[PDB]
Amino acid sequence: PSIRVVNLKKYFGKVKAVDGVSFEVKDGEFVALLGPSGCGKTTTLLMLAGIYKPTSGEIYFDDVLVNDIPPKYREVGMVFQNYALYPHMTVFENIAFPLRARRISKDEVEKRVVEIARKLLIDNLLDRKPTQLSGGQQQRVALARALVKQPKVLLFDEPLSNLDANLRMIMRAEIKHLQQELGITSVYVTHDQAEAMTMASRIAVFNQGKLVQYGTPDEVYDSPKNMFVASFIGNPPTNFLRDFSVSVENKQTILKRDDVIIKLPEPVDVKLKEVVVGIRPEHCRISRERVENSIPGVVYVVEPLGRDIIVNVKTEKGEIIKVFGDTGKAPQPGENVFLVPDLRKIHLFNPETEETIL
């Protein structure tokens, strides 16, 4: 089914955990609920599950208001951070487990279990027990167990968070491809932007109980609604440089802060006198030589980030500007350099409201 939520709220006494959110999920779509701890994403997921009754607003599955429908009649399958496997049971028995108390022969189960296991590429592990299984394989057993109940909606709550960091890259591609193939509507709670960015069709970005922006990975990345969205998407996220003065000289829009002058290449309409400049790490270059439209700094520290290196550049205003270290090799701490932003990918924000203006 589709899922539509409308002005959804959940209060815990004075705590406005979820304070009026509206979005829709297409039938078969994979949607991530993303934001920091305390943003209300988990409470939202639990309302969709029916584990919390909303304080107000509505939840529809297809045509139907499901607010008052208990979790089992919603046909929701929940996927947790801990696999909750019994190491004294076999993989088969672990997957078959929710099918105890039902009926249909000592092996309609087995057919149902092998069927799901084969889809999940673990049918060759059925007679084994969890201790001899890797983390990736255990994750597949837990998902097989959820899927054997034939849920119509899958609700993931940080299901990769206990997994080692290297494995998370592998396992999120896996869950993405699996969801694609099963075509089951899926909502996925994560505090990790890389996970939302690489898995979801659309991402609902939460902050302090509000839905800030709802869009595709490209949309939330290319067009962040505000400074918060620019700060949360990407690793590293957008670098902010405050206190830039705005003018027009000869049809062109000029940005100034002390000695720093940045002329935007094409005419842009900027209606403020003062802005925050946003520069993404991947849209900025380090020049050892003084060039036009650049920002002076020192190489402060150079660190690994995954397969890449990050060069932290310190500006004369004490900002740390993160940039990817591309060819030659790592500059050295103490080197005087110049930050050359890609002036076409620069963002500008209202310093007061933090709203993105460019």
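All residue numbers are counted from 1 along the displayed sequence.
- Relative to its counterpart among 188-196 and 97-105, 97-105 has the higher mean temperature factor, C-alpha atoms as listed in the PDB entry.
- Mean CA temperature factor is higher for 270-278 when stretches 73-81 and 270-278 are set side by side in the entry.
- The residue among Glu181, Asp222, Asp157, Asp164 whose C-alpha atom has the highest B-factor in the PDB entry is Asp164.
- Among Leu241, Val248, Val229, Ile203, the highest C-alpha B-factor recorded in the PDB entry belongs to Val248.
- Among the modelled residues of the chain, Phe324 sits in the highest third by CA temperature factor in this PDB entry.
- Ranked within its chain, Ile261 lands in the highest third, by CA B factor from the PDB record.
- When all modelled residues of the chain are sorted by CA temperature factor, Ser22 is found within the lowest third.
- The PDB entry assigns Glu29 a C-alpha temperature factor belonging to the lowest third of its chain's modelled residues.
- Per the deposited record, the Cα B-factor of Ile59 falls in the lowest third when ranked against the other modelled residues of its chain.
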